[PDB]
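Form deposited in one PDB entry, single chain, as structure tokens, below.
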């Protein structure tokens, strides 16, 4: 991979790499000048030459052809694929060039949260985009701030020598959704593990089956993050994650606890969790009932938190849908 991305390299005798934009499990994404479209800059995703990532990338191309055909204007804000090719046996998918990921924008600002007026506009566009997937018998399964990109470099930035970095101020918060390598059709085989730990729904953790509602959970976690500047589930352990859920959202529904085949996590009908261990006191300390994360009691803030709370319903059958979410009072201001 290192051997076929470098600045100056030309892919498919037209795409000149000028920069690396990002990396994930799949491989890398680079910025290219397209010398055969008048020098337009594009994003090219170069996939690892590994079976599971090759298959995920053919899956992604297939989803993109479907979404881009269904929604040619990108009204529902799924990234447009321009084409795909093979480069030294790696699949390369060419995209319209977007701007920063919401992850990178927040991280590089020192994990400062987005303005509430921006979160409103971004939440709406994310729900509108993922609900278009939901309407078309798809679940994304891997919604996270890294997979939400600003459309434009509609921001300013100045070097602040006090904190020795650039601060980026957002002008227009318009986003698109990316990465359809995990996106699963209703009728296809559902992977057991989906989503990256922090944005994974309880039905996924407990292996109870999943579909569209697990996207809604993920979006709930994103909105939290946008508001605070960090996750409420900062963990790398499934049981601790569940312990964190219990502290933030209250006890798991007995019916999910009792139904799960992931019984290692439990003892009779409670999380097998030592609250009085130093790991348990860590969770109690770091985690609090959701509403206590609110930075203002202002109604606008209550409206967002009420949507977040419905998005983080434990029971996927009770969880708000995005169709419902798009009608929530938090978005009334947009209309």
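We call the rigid core the largest set of C-alpha positions that still match within 1.5 Å between the two forms. Residue numbers count along the first chain shown, from 1.
Absent from the display: the form deposited in another entry. The rest refers to it.
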With the two forms superposed on the core, which of 86, 237, 117, 166 shows a CA shift of 2 angstroms or more between the shown form and the other one? 166
Can a Cα shift of no less than 2 Å be assigned to residue 157 between the shown form and the other one, given superposition on the rigid core? yes
Checked in that other deposited form: CA of residue 227 to CA of residue 160 differs by 3 Å or more, atoms lying closer
Between the shown chain and the other structure, the Cα gap of residue 295 to residue 158 differs by 3 Å or more. Is it closer or farther in that other deposited form? closer
